[PDB]
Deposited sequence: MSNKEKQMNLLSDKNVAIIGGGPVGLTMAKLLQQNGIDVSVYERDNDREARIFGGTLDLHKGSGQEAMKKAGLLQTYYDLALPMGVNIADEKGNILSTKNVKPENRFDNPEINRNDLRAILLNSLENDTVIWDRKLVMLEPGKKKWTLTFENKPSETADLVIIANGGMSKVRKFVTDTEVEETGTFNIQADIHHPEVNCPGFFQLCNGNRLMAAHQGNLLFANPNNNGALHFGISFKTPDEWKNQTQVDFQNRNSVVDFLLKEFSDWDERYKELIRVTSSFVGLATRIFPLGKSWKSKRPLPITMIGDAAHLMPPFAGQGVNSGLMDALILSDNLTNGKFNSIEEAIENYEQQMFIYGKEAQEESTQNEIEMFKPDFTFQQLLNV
């Protein structure tokens, strides 16, 4: 068949790359994942992920992992609040919808996927820096580690990938929004008023161009994110200096309730990130020297504010893995072309929705109401 006596290199062990590896490996394909992280115990900073019926859940179902996801995920409702702490809307999880998109911790999702792979599928401390096409095989160059070869390379190393040029000359762009994220440990003790306002639900609030998103129970930690249009002055806050970030945020949140200000004051450290997009437009390069493609945020990074992100990437893994293993294609290149053509349609729809949603939500008069 297409991959008999051939091997596949996946670049990046995020949720998308590890899913791609499981879907190929369960079909008897020789596949390795190269992951820059030093070891499997690396904590992944970030909020939870939720898998959707028909995309992320379909990939887990094909892998035999859907029940494992359900068992480690948490169905969560959503509260909409104003800047004064008034709950404007409470949507609790109804038992009939409890399988719709339960929330999973990113380390828990990585553990499910790693435990599903054969020993030594993931090669840790392997930061890909360059590719070179040979006669039949790619040579992979890693930072300060020996080279490897593969018949097929799948780029899955996230939105800021610098190994995309064999596929496309498209560049990542800033969208003009900015995100500050943090975790609070023991939130029932350290931000009790804000914790009680969430009342076991996710919470969202918007006032004068500032958005706040919180999850009060990411494996017992509260995760929150504040998003706004990137200030022109920054076209001036040191994210290593918590006192500088606190000062900036308390000026921005000056007319919000003290339950929100308490969140800012008690946070031990903050992470800042400009919103970026890897825009799908014109098709990627045709006639590449050897078989290569991209999946996940490497293919279609987009703003996350409407819940686009990992589900598009898991759909990529499901489509590409099916094309490589279903025996219908005459070549790996044709299997790749078919996946890319499909991904350009659902990916452009997702990016269009994400970008329109970002425009609407950052108008200075928006409220989730």
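Residues of the deposited sequence with no modelled C-alpha atom fall in the ranges 1-8, 244-246, 381-385.
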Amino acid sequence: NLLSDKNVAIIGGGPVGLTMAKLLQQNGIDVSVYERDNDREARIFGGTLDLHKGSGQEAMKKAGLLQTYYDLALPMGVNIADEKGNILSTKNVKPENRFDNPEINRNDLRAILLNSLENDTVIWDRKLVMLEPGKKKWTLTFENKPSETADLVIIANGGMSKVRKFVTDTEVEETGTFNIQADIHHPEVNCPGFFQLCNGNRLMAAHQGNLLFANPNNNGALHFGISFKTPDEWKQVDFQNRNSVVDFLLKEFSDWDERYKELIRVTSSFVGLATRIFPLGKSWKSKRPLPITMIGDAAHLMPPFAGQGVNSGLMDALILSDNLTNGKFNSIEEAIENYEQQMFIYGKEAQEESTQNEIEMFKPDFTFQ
From here on, numbers count along this sequence of modelled residues.
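As recorded in the PDB entry, 43-51 is the stretch of 43-51 and 316-324 with the greater mean C-alpha temperature factor.
If you average the C-alpha B-factors over 354-362 and over 8-16, the higher value belongs to 354-362.
Within the selection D183, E171, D108, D125, the deposited Cα B-factor values reach their highest point at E171. Highest C-alpha temperature factor among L197, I264, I112, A150, as the PDB entry reports it: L197. In the PDB entry, a CA B factor belonging to the lowest third of its chain's modelled residues is recorded for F278. Sort the modelled residues of the chain by CA B factor and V78 lands in the highest third. When the CA B factors of the chain's modelled residues are split into thirds, the value for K135 lands in the highest one. Ranked against the other modelled residues of its chain, the C-alpha B-factor of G56 as given in the entry falls in the lowest third. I87: CA B factor in the highest third of modelled residues in this chain (values from the PDB entry).
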